[PDB]
Structure formats: structure tokens, C-alpha cells
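Step one of this worksheet: look at the structure below.
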Amino acid sequence: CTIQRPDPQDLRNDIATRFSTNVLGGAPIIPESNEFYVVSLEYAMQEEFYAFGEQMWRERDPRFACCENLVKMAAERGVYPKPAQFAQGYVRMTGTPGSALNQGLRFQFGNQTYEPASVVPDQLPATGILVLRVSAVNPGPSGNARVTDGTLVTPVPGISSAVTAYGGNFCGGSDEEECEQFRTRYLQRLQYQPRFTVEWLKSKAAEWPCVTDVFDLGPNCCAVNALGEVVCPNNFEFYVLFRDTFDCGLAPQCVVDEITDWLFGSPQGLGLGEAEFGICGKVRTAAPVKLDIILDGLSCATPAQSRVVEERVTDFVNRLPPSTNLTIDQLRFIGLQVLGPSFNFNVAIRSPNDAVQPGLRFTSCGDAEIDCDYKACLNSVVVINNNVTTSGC
Amino acid sequence: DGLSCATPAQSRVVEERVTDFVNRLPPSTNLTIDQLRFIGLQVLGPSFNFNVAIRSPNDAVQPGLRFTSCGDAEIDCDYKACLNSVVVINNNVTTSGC
Amino acid sequence: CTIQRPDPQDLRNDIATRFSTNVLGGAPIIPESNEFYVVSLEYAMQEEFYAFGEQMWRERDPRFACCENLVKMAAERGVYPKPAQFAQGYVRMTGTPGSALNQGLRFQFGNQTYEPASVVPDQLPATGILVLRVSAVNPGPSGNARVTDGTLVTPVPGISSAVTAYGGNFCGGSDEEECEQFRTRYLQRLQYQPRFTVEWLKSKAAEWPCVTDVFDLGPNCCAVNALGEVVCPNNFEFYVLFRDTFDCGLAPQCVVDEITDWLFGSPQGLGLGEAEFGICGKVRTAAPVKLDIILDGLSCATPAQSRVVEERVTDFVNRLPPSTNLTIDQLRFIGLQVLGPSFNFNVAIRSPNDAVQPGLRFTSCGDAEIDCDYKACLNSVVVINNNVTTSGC
Amino acid sequence: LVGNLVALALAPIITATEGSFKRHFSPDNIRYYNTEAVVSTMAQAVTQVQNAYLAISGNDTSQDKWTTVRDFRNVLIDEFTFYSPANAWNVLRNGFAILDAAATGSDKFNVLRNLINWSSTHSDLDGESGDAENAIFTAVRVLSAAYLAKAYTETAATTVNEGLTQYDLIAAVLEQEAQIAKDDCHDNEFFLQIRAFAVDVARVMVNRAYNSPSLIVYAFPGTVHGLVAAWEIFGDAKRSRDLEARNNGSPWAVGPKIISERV
Amino acid sequence: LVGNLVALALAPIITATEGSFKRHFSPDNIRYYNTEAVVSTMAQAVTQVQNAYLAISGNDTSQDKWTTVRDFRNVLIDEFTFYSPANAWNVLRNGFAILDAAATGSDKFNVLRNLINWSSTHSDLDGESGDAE
Amino acid sequence: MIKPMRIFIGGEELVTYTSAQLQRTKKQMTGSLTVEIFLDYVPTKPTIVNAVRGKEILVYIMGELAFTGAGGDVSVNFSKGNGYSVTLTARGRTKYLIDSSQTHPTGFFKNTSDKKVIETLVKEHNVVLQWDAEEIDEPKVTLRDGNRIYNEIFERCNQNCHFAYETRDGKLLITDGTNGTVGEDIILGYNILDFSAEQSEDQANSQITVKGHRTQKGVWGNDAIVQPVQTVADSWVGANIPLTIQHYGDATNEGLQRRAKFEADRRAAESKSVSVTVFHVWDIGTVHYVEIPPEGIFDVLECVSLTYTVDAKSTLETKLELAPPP
Amino acid sequence: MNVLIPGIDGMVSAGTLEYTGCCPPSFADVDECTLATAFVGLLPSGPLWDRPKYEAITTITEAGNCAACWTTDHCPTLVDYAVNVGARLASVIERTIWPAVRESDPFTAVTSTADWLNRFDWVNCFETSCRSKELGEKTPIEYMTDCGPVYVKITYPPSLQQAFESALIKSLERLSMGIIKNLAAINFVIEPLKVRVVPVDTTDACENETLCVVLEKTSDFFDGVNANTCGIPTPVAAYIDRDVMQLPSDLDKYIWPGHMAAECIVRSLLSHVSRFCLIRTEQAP
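Residue numbers (the authors' numbering), protein chains in the order written: chain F1, 3 to 395; chain i1, 298 to 395; chain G1, 3 to 395; chain e1, 134 to 396; chain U1, 134 to 266; chain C1, 1 to 69, 103 to 314, 322 to 366; chain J1, 1 to 285.
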């Protein structure tokens, strides 16, 4: 409750006392009479009054407020929902110089269609090659892709049908922001935020093209001095994952180095970049450690459960942050939450060909301890079906 | 062990879930450590450190209470695990608070 | 959404239905009977309830507060109506060196009257000249005027009674705010969260009386970004120009030292000034270096082009940032834009009377290389013709 | 065909603004060390209009927003778009038109008033460069004043003094702009155009404040309820909701002078 | 604009029940050792509505009566259907709509009354589990 | 005030219109305004004309938009005794789509959707599209050379059920359901000045079988010549009145059944036509409760049409055509 | 000259507007008696309602409840029912609308301060066993045991905790408005907690290690909160005697919650600075 909601009996006594002091001149009321029923109604009406006031208080609370009211509240504080995004990239086309060009150019990359973003020049330049800024036609995450070759849909005289994706990637494509995600993003702005600059830098680095996820420094990456006490980092460092361009989303050093240069500046700490004055830091990447996962006992379940369990374990391993252990208990919980608590189901984490990898150690208990600057990578999920089913045969 | 470095709301939620899971445990059923770790892995996420331990009060012996090799409490028939007290403690240093 | 004050007729219909079902056993509400009046009275109560409810909930919306509920509910968050502000400027007095100086001086400029806004020394300096930052006695825009020669209202022994303003520039007067000019600046300081960027310092330092423009350091200054054992920059230095106030736009050390003590703090480094906690700095001025530009071959261009080239060269050299070379290329390219590629037009930079000046060198290409804490100030642009051409005839 | 004196026509003032903008804006005829600054100012103006639209639309989910946002971004990211007066003016006019078509009436007040404040500054560059930047600022301020007038007209006046105060605000802005466009014979023509649009906005806003609903001040003996006042004035008590937006005073005691509509 | 006060409008209460259901039913946010019980409760409710429909249709032979029965089985056989609030509420609301459209008037009395008796109990679980049930 | 209309040919608030008829309908793409102006002529003084043949109008009905789109024609009449009248006609802004001729360069849309083929068949004359149904994908879309901007749309929205009509703002609405927005319960004895219900039986059909061919890429032989068929049924008509309406693009199972259900809603909606004339002058897709007990109507019906009529003498009445309660 | 008062942006100058005139009557105005008698105006007029509406007297009983005065010549009618309806209405307004409008603002909340703290996600630094070591060797509320310190959860008196939470909410609401991190804005933010940050150094620092700041109390009294609609917030003391509350002996003699909350907030604000102490001093009232 938020207002008070007094004891019912006391409220009814007060209502009856008022009605007797005013209307009946101080005398009590005959039970099951017109005045008794009048008093009972009033009471019901005042109970509804209390309720309406309570909810009118609720309708001005960021956490419990209808979406429309939520958006209207957040527009007063500077938080607006995020619109839908179109994918983007560059296309390099070639042909004989001097040919005619029109604004109706459309490219077919894989299964998607793309269009010119800027104004197309009137004539193909004398070099014989044109590089064009290109956006997708359909908004959302479908426009994102990792392709290198494409064809021209609308044929133009003197221009070869083969075009190239200049860069090999199409970033940016995102969908509309829901109401619950917008609620939890607005409510993160009013609440008291310690280490505000860390979350600010993360939320800014998330805007770099094709940056899928942003993570803090994992647990396997803390540090201790000679005395035996934890040291707090004086800089601002974190990891990023380009999950739809590179293998495992791990990018080479040059990309994250450019991201660092864009975010903090060069030299860092002078406010030349995005961050404030006197804010140093470093954006990092990781090295992949290949892991095989083996699920035993999954042939006893219905095909739907097997398929969903494999999907969920693949999803979990692929989204595991860098510098964090891949314990057997987590995979086993993923399997238990689907198959039930009395199902036989055993998982095993191995290295491909039982080879040693840098930054990977198998503790006795069976986990995969992963050192700093490294990240687990799902090589393959294999299920061992030794013909065991529900009824012999 | 390792809850104090979580938001007080999260610690309150894990305590109220553990206190209720142990109270409702059927008689003559082992209180295993995996079933407790999950109550922590669901709300804290897989990026947080959270180890659990089960001990007898004052490390005394009780009739029908044994400990397995993996740390689970094995209980004999006609015996039921009743909660004495759930305790939060932090011994492994970390950078959560800095 | 969800719930709102009900249509009057619907509200009364529901009240009548409740009254007839829960009290009168289902009988209709016969008009002009006592139950008709009782139902009308209950409906009136509920209407007054809903209307009063919608009233105060409006009285708490900043977009519709009633002004005095707006001056509070905004003085609890630290947003107050700006009052009428005073005009400020610089004066310069002369007298017998060592004269006694009072604190309650007052200057008469035309119709206004000004008073020292800084600390007045106990004695006149040995040089005989003293510059002061004065401010008007009465607020308002009338304090802004353009008067150069004023008198000393209180005659002080050993001090000339004729003072001069520096450029007759008194900048900074304005009026108070109304209830509608205050909604904005409130309902907008609620949408933006301050940040401490370089833009912020550069726009804060421009609030000082009669600062035309503020420049960062230059190529030829060398900056100690960090002060004290530290791993991130915590020093920041400027260059302010008072173009239409001082000679060449350079102020003596006395004024920029005051700007430093106002911005970064008295005990510098403890957040006592307008700067963030722990970020010392300094607002440094420069010294003028006179340069004499010789445009060789403009006489033959039509007088309009020659006048344009002059009014562009003098304006480019006036606004040149301190500690920045006045290269010959940057001057040539001002003639190539109006004169076109078919003109011959040479540019030379020299020191007046071929004299040597502190902090001036000439590069092998003729560039006027300036050591830092200096600034290239124009002496006079001169046009001459020595190469003969057929432009005449 | 009777006239149309219930509505503003914003076409002539926008055409005059186009003329006065393209006369003083040519980033190909200003000194080379100022073109980047001028063009950055233009892009900053377009960014302001974009933010205005993004704050006024809000919960508009249809794909038309999803495109308009992409069009704004494609215009802003490009580099050679604002180096031409034609493209810059088309972007500015179309941005203001899209900002207009996103809401109706009061919703577009605060937004537009912020814009009037943004372009209430003056340029520090000299000669032709300052004239170009000032052309940008003047275009923004005059378009904002016109569209704020159109926004005021789309909503009903609650009190005669309120409508007259809104008209006072807008007429003051327009007179300020005319004095600017007349200072040292910059352009006489835009001064005359602004003067004409000012007299037009005067006729429409004054008619709206005095005659859209014919507000009268009824004199009641002593303060009275809202329902009783509504029933005695109109003969219809359900119109009590109408007496609350204009009168301040508790619902059980409204008066003893009650503003309402003619009968 | 006269109002047909001869008639009940069920749309507002249906949308209100939808909101109230989706506010207190999130089988992805309840303790792992109660999710099976909660989902089983949901499935049992849908089974009750199915039995209601089958007891009220009786001698209906048209192929719609064959497809509706096939859809009830198909939804009760699958496992991951009631783990999402959307599917649970849609199944419940369409089941009640079909139970309504299967007969007319008196016929639907006893059946509906039995449902009111079945759902007149309270949950024994605690925390969010009790709230979901 | 009873005052419904205030017409604006551009700002000129018509004050002389001696009569008016405004019709809106779902069965078609447009509407039809028809104003009647006086236009005196004094054969000595100077006279002025208006040759609009295209000058744009709207009809704010009862303080609200009703139409949007004197484009139609000018029809200056004459007579000795009651002459000098000017009938102006004004169709809906979605008209050139009706009287034009497609001028798209290519003619062969490949791997497109019906929405896209409709967006490029409209944005040649600046008619913003109010797409509010769905996105259906189709491989081959070849437009017959210069067919008509409206025939092609009607063809592309009939083989995937989508009503195509015009709103009050001046846009093209391609919907699949209703416009919501429920309203007045017209009861016999309450406001119906006149009624006429007719549920005939010569325009119904039990089984509609849709056949065709597959137009996808690679699909040939049986899977593109034999399989595609569907048989939808309306278990309300009665005896075996069969039919076969053949399909004309990328015959998918869903495509077949969908064209089938589209026509099974057309024939349905024609088999109970209820024309009502009500009194004073928002229902182009509205549903209302209607009660006409003598003809056994106690049901919720959708207004397909809406016609406001006026004439200074005895009028101001609205004629609605409604949609069956199957 | 201008005389500057602290603000969310340093030391701005302030002013005053003119009294406009229009401000709807607020909660304070409504009284059962002033609008019990008012509702008698809603009845019709005529020989049946004239006298009774003229003889409508109203008095106040013990517990408010403006009733009608039944002198020994009364005439039971509906007028007294109208007095009753008006009185009710004032009662339900004062118990339903005045709260839930008082609770929606962090600067007037009275009974919903803990809920506001749950909204602001406020976590205490001194109450967790995994506290940072730089927070001191033994915080005022930690008592010593062979294996380290032990924090003790304190249950402050209800009035003191109400005032403390209210002050904390005011300061968190002000901080959420995005201050610049100089000393004047910090002090203005943490002002409701009655604590000021004052540097220790005098000479230009910026060349020495340890730029420390001490916390100094500005008053010995939280400004409280009034549930009523007319009055003044009753102040409460902001400290606790350790011996009176019967706490372990190792704790400080006087424990100040406002000081600990302020220290948390300022140590979180200036975390990015690499060299900064905060020397806490035991302050007796």
C-alpha cells in the first residue's frame, strides 16, 4: 500500500458515527434498515476512493506506469526511446567510364536488397570505379550481414553486374526499442549510480558500428599487490564483442585500438575524444580458446527437448563474457531447467584433439578455467546417442 | 560465500529463496550443493562468483547426517534437513567494491 | 491510460445503479423524490472529488505550475531566476608613483557611475599606471555604453582626475527574468546533465567581461599535461583575447591572473573555482609581435579586388591564434581565391624596419615562426609593384 | 468566395525567407578559412531541428518515422550537402514541415520556443561570413516564429489575456527580426515581407483571442459551485467541466466572477 | 447515441484480466524448483476448459468440432507452450470463447458453475510461485 | 448550430452552395463531392469566372473532416427561368491512380512484396500510402504495359485480401480488417427515417475452389502445375452452389485460401445489404449495433458506404450501406 | 556585486518574481466546516428548502468532524445530509488526495521514504561485509574481533530514521540532476545531510600527493517532515549515543548516519581522482 488504508472496522465505525451525529441526531442505527444500507454503500464508495487515489499516485512512478505515460514522463527528463535502424556500408561498382547512372540503383547482397544513401553522381567517374555509401531497404537486424560479393538487380548499360562490399560488412542494423527495455533504461538514469563514468563509457562504446556486446573486466582478471590486498584500477578498461562479423566476435587488435582512439583521444585524457577531460582508459579484445561440449543421455528425451537444449547451450557458450570460467554446473543447470530434475544428463567439456591451448586449464572438478584476455569458443556440440531410447529396440 | 559484493536486493532475494527451498525439502532427501548454486546462478548471472557450503551447527555430529565426497548432506530416512541459519560471508577479494 | 475521470453522465448512471441495487432493492430512482436528491448529492461529491484531484496534480507539473509553485519546486533543486546583472569593464588610472589609494573609489563615465570590482592595491605601482576591472553601480543594460574618457569622482591626492576606459567597452549588462522566460531554463535544465568537456571550459572562460574569443594552446607551446605523481592529465591552459578592448587583443598579466583565480581556484587544485575537483590550470596571455606584410603585385588588380584582399589579410592576421606561425602559404591562398589562377601575386612577411624582435624567427621558406606565448599582430599591410606587366596599356 | 480570416497562410513568409536566405548564403563565395565554420553552423541548425522532431514524435511507431530518422541521418552524415544553398534551404524547410506535421497544438510549444532561443544569437565572423551565419540564424528564428503562430492558432484560447499574451510574444519576435533585417539596409525587401506577415499574424491572433469563443465575464452574487454556475449560465450542468479550464478557484467555490462563453 | 442497456459488454473485463494475469505470471522469473508445478497448474486449468467444452458440445458432428478437439490436444501435448505468458493467456481466452460459442443459455450453466468451484482455491507455494498460481 | 459543412476550394469558405452530396465507400478507391453554386450574371457589369478544372477541395462535415480531394469538372448550366447554376464535382485525391497509366521504367519487379509494388505504383503522383495490413512476398510482378494505376493495385490486393479505399485526410488506406471506432446503436423507432434490408440468394456460393500455377524460381512440373489447389467453404449458404475462381500470381496454399476468403467475404457482404436513411449528419468502416426486429436484425454490422445529402428545403439526411452479420 | 547563493551549478545569483495572483487554492484551504456549509447550496430553492437552508448551523466536535448543531427545535430534512456529504468529502480529500500527492515528490515525502530509497537504488557502503579497505581501517559502526571487523546493523529510532531517509532522498534527487564536480556543487548536493566538505590544504596543491578533505557538520539537527498541511517540519537530532542504544563498546561514542551517507556519496563522486583521502573526525554535539 502507499497511502494508509486504515482498519476497515474503524472506518465503518467512523462513517456510522458521522451519519448518526448528523442525520439521526445522535441515535444509533437499526440494523438492516435504509440507513444501514446507505452507510454500507458510502463505505464501499470511500474504499474505491482510497483505491483511486493510490493508483493516481502509481501512474506517476517510473517503474509502474503505462508505456504511453512512461514515454511522456521520460521525454521530460531527456530520455527518448531508440528508433529503428537501417544497415549501412559501402559498395564498390565498376564498368566502362562515362556511362549513365540514375538514382534507381539497387543491389542484391545474399538475400537482402540495398540502395544508395548519398546522391549518385551523374556519370561514372573516369577512373572506372565508383564507391557508394549504401543503406539497407528493410529496417531491423536482418539487414546486417557479412558478405563480400553481390549482384546488381536493376541492370545498367555498360556496368558489370558484379559489385563488391567495400569493407565486407554491413553494420548498424537494429530494431525498435521495446517498452520494458526503455523502462529499465530510463530507470537507470534517475537512480543513484556509483562509478557513473564506467557505465557512461560502456554505453558510448556500444554505439561503434558492429559492436554487439560490451563487457566489464571478468573475474579472472583482478590483481593483487605484494601485501595481499586487491588493487583498484585507476583506468577504465572493458571488452567488446563483434558477434556478427568475426569468429566468436573477437576482433583483431587494430579495430579495438581505433575504438580506443575514438573514445578517449590521442593522447588520452585531454578531452579530444568522446570522454571528458582527464579520463584515460583502454578498450580491449580477447583470444579464443576452442572448446568441445559433449552431451550424454539426451536421446531419452523427446526431439523438441533435445533441440531446445542444444540451442540453449550453444547460445550460452557463445555469449559467455571473456575472462570467465565455463563451469560444468552451468551447462548442467541449462539442461536441468528443460529436461526435469530426475533426468539422467551428463555434460563434458574437452579440448579439440586433447591439445593444450594457451590460457586454458582443466581444474580437477571438470571446469575450464580461462585466464585473462581469453574467451571460450564453441567449436562443436556433439550428442552421443548410443541407441538408448524409452523402449528397448 | 561471495554474496556481499552483490546489490542488497539481490542478496535479499537469494536469502529468501534459499530459506524457502530448504524449508520445503522432502524428508530423507539429500540437500545437494548443485541445487543451491543454481538459486544463485539464476539471479546473479554467470559472471558472478558464488560458492555455497553446508555445515553442521558448531561442526557437531547429528544422527543421520553424513557428508559426501562432493560436500552434499546425505540424510537417512526419518530425517529432514531443517534450516538453522543462512550466513553471508566474503573471503575472496574482488574488485566489485573499489 | 487505465483509469481517468469518468464521463459525468456515466458517473451518475453508475451511482444511481449502485444506490438502487444495494439500498432500494432494485427499485427505480423516481425523479423529484428524496432518493433523487440523495443520488444527485452523492454524484456532486464525486464530481468535486475528481475535479479537485485533477487540479493539484496539474499544480505539480512544471509545464503548468502557477508561477509561485514554480519558483519553489525549482529552488529545492537549485534553479533560481536570474536577476538584473551589472555591466563590467576596465579602467586605467595614472598618478605620481607611490600615491595612497583608497578602496571606495568611484568613476564617472558620462551618466553612469562605476566602482572597482577587484581588490585595489594599497599604493600606486612604481610605473605610474594602474588598470582596474570596474563594475556599474546600477544594474541593467544602460550600464552598457560606449564612453572613453571619464572623471574620478573622489579627488585622491597624487592621482590624475582623468581616467580612460579601455576601448569604451563596458560589456555585461542585462535585465531580470519573467515567469515565462523562467519556465525555459528550468524546463530545460531538467533535460541536460552537465559534463566537464573542453567545450565546457572554453565556453565558461568566455563569460568573463569582454572576452571575444578563447583559443587552446598552439603548435609551438609545450604543455605539461600532468602535475604531480599522476597517470592522467590534470593541467589545462588557455589563451584569451580581448580583441575590441586591448591593443592587438592582448591583455596584461593582471587580468588573466584574475581569470585564473576565478576559474580554477585560489588554492589551485581543490575545486574552489568553477573547475572540477583536482584539475589545476592557468589562463595565459601572449605578447605582441608586429609583422609587416608586403603584397607584391596587387596594384594592377581592379581596386575592388585590392580592397577585398586587404580587408581579408588584415582580418586573418588579427584573429591569428597565439603561438602559431603566419606561413606564407596561408597568405598567398587569400589572393588565389579572389584573383584567380591567372594572376601573379607574391606575398612577403618582414619585421618593421628589419628590426629583431623577441620570439620571432623566419623559416627557410619565409614563414614567420613565432615562439609561443607570443602572437602575430599586424603593423601595416603595404602594396607595391616591381615586376612589370602588360596590365596597363 | 468569402475570405479565410480564421487561419494563417505560411507560404508567402516562407518564400520571402527562402529569398533572404539564398541571397546571403553562399559557402562558395566566402573566405576559405571560414567555410567549414559556416557549414558546421548550418549542420548544427539542422541537428537542432532533428532533435526537435525526435522529442515531439516520441511514441510514433509507424515506419514513416523509421524512414524520416534515416533521412535526417543520411543528410547530416554527408559532407557536401550543405555546401549548396539549394540543398541547405530544402533541408531546412522540409525539416520544419516534418516537425510541424508530427503533433498538434500545445505539444509543439516548448520545442519551438527552445528553437527561438537557440537562434537568438549573433555571429562573430566578419564581412560575408558573419552575414552567412546570420542568415542561418534569421531563417531559423523566422520559421520558428511562423510555425509557433500556426501552433498557437490550432488550440483554443482559455482566457482573453492568455491569447493576447501569446500574440504579444510572437509579435515581439517578429518586430525584433524586422529591426534586424533593417539595421543598415541589409535587405529592405525582407523587412517589408516580415512587416506584412506581422500584420497578418496580428489579425488572426487578435481574432482568436477575442472572438474564437466569445468569452464573457459573468457576475454572480457571491461565490457558487461549479455545477450550479454551469446550470444557471447554460441550462446544462454537464458543461461544468468547461468552467474549470478558465476559472481558478476550488470546484465548490467558483467566482464570484466567472469567465465563460457567450450564450 | 443510445446505449443498448439490454446487453453485457465483456471486452473491458477481459482486457483487465489479461493485464492482471500477465502482471503476476512470468514462469521465467520464478524459482527453478517451482516452475514445473506452476506450468502444470496452467495446463490443468486448460484441461478443465477442454473438458467443459467436450461436455457441452455433445452431439455436434461438424468438422469444426473435430478440429477444435485436435487443437486442444495439440496444445496440451506440447511442453513449451505455457512457458510464455502470451501463449498461456491466448489459449485460456480462446478456450473460454469456444466454450461460450458452443451452446446457448441454460445449457452453459452447470459447466461454468463447476469452473467457479475449481478455481475457488488458493496456492500453497510461497513468494512469486504462490502469486503465479 | 445545425451547420455541418464548410467547403474550402483553397480557403474560400463556400457560403452559396445551394445543395451538396458527399459519398464515401469501401467498394471503390475514391469519393464524389457535388456542390451547386449560384453564379449570377449581370449583362452590363464585369463578370469573373473560375476555370478551376483542378484547384483542390475539402468538406469539413459538422466541424470535422469528411472529404479531401473542383478537380472533377465544372458544369455551368443555363435556362430561362431558373438558370445560372454551376455544378462542381470533386473526386478523391486518390484519383490519378484511377485515370492515369503506369509509367514505371522497368515493368518487372523481381523478389518484391505487394506493399513495395504498391508504393512505387503510387509515389509517381504523391499519394502517401496508409499500409496497415501485412507484407506478402512474391517473386514475379510484371505490370501489363500501361494498364492503369488502379487496376494493377486492385489486382494486387484482391489475390491477398486487402480492402483498398481512401480516408478523410487524403491518403490511400490498404487495410485487411476494420477501422474499429464503434458508435451509435441505430434502433428501429429511434432514428431510422427509412430502411431496406435485402439478403438475396443469387450471389452466394458454398464451395470456392481456387486453382492456379506456381511462379516461384526453380519450381516446375507437378509441383507447379498439379498441386496448387484449395477449397474454402461458407457453412452458411446451404446446398451445393460450387464455384471456381482461378488465381493469377504465385499460387501458394496461403495465397489460394486467401484469395478464396477474400471473395468469400465479398459475396458474404453482398448477401445482406441494409440501406438506412437517418436524419442529421464517421462510419466508413465503423461497426454499429442495429435493431430492426420486424426483419429480424439484432446484430452488429459494418457500414460499407456513407452518403451525406443536403438541399435547402427538406433534407440533411445520411444514407448508410451496412455489412452482414454472418 | 550581486551576492551569490549556492546552486546546482555553483554559485549563481538569485532573484524574486512579482506576485502574479493566480494559484489555485491548495490542500491547506479545504476544511470540513468551510465546505460542509458550502454544500447546502446544492439543494433546490422553495418553501420546502428555504427555512432549513437558513437554519443550517455547524459546529466542531472533538475529532474534527464538523457536524450540525441539533438545537432543541430541529426539523429533520435533507439539509443536514448535505452538511454530512460535504464533511465527508473534505475528510476523504484530506485522507486520500493530500497523501499520494505529498508522496510523489522527494522533497515532501513523509511515509514513503524507504520506497523512495528503493527507487533510487541507494546502497550503503558501510553495511556490507565486502567493503572497500580505503573506507577506513574500522568504520564507526564496526566492532573488532580476532578475525577482522564486524558490522552491526543499527535500528535507528523511527523519527530519526524518517528524517535521515528524507534528507538522503533530497540529496540524491539533487545529485541526479547532473552536477559538475567542484566543491560548491558537491556541498550544495550534500547540504540536506548537514555535512560540508572542506579542504585541508592551503598552498596551491597540484604538486603534492594526498589532496584530502575533511567533513564538517553544519548543524546538529535534521530538518524533519510534517505530515500535516499547515505548520513547520519538527527538527530531530542527527546523532545517536552509543550507550543509550545499548550497542557494543568498540563503536564510536556518537554515531551519525548523515555523515556516513555523505561520505559514501562524496567518495563515489571523486573516485576517478587518483590521490584523495577523507579524514573523518569524531564529532560530539
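Cβ coordinates follow ideal geometry from the N, Cα and C atoms, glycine included.
Any Cβ of chain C1 closer than 8 Å to the Cβ of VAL135 (chain e1) would place that residue at the interface, and such an atom is present.
Listed along the chain, the chain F1 residues whose CB falls inside 7 Å of the CB of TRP199 (chain e1) are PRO85, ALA86 and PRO141. Collapsing the DSSP output to three states places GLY169 (chain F1) in a strand. Annotation note: the stretch 191–231 of chain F1 contains the following uninterrupted beta strand (DSSP E) runs of length 3 or greater, listed N- to C-terminal: 215–217. Under the three-state reduction of DSSP output, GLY271 (chain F1) falls in the coil class, being neither helix nor strand. A direct Cα-to-Cα measurement between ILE163 (chain e1) and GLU261 (chain e1) gives close to 6 Å. From the beta-carbon of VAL224 (chain e1), no residue of chain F1 is found nearer than 9 Å; the closest lies around 13 Å away. For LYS390 (chain e1), the uninterrupted beta strand (DSSP E) run begins and ends at 390–394, by DSSP.
Non-local C-beta neighbours of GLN255 (chain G1) in its own chain, meaning closer than 8 Å and more than five positions away in sequence, comprise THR287, ordered along the chain. Inclusion of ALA185 (chain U1) and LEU232 (chain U1) in the CB contact set at 8 Å is warranted, their separation being smaller than that value.
The stretch 109–145 of chain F1 contains, as complete beta strand (DSSP E) runs of 3+ residues, the segments 109–111, 114–118 and 131–138 (chain order). Per DSSP, the unbroken beta strand (DSSP E) holding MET95 (chain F1) starts and ends at 90–96. Within a 10 Å sphere around the beta-carbon of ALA51 (chain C1) sit fewer than 16 other beta-carbons, which makes this residue exposed.
Annotated three-state conformation of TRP59 (chain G1) is helix, per DSSP. Taking 7 Å as the upper bound on Cβ-Cβ separation, chain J1 lies near no residue of the stretch 333–354 of chain i1. In the assembly as shown, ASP317 (chain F1) is an exposed residue. Its beta-carbon has fewer than 16 other beta-carbons within 10 Å. Beta-bridge annotation (DSSP): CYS190 (chain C1) is not paired with any residue. Among the residues of the stretch 153–187 of chain e1, those with a Cβ less than 8 Å away from any Cβ of chain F1 are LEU187, in the order of the chain.
Around the beta carbon of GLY21 (chain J1), fewer than 16 other beta carbons lie within 10 angstroms, which makes this residue exposed. Around the CB of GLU342 (chain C1), 16 or more other CB atoms lie within 10 Å, so the residue is classed as buried. Within chain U1, the residues whose beta carbon sits less than 7 Å from that of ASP317 (chain i1) are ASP259 and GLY260, listed in sequence order.
One Cα belongs to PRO10 (chain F1), the other to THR19 (chain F1), and the distance between them is close to 14 Å.
Between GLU331 (chain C1) and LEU206 (chain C1), the beta carbon gap of about 29 Å keeps them out of contact (Cβ cut-off 8 Å). Proximity of the stretch 371–386 of chain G1 to the stretch 322–330 of chain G1 meets the contact definition, three or more beta-carbon pairs being nearer than 8 Å. Contact residues of the stretch 269–290 of chain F1 toward chain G1 are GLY271, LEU272, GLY273, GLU278, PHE279, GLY280 and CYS282 (C-beta to C-beta distance below 7 Å).
Counting along the chain, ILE351 (chain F1) sits inside the beta strand (DSSP E) bounded by residues 348–352.
The C-beta of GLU167 (chain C1) has fewer than 16 other C-beta atoms within 10 Å across all chains shown, which makes the residue exposed.
For the stretch 84–116 of chain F1, no residue has a beta-carbon sitting nearer than 7 Å to a beta-carbon of chain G1.
Rounded to the nearest whole angstrom, the CA to CA distance from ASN191 (chain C1) to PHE295 (chain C1) is 7 Å. In terms of Cβ geometry, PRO149 (chain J1) and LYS133 (chain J1) do not form a close pair [threshold 8 Å].
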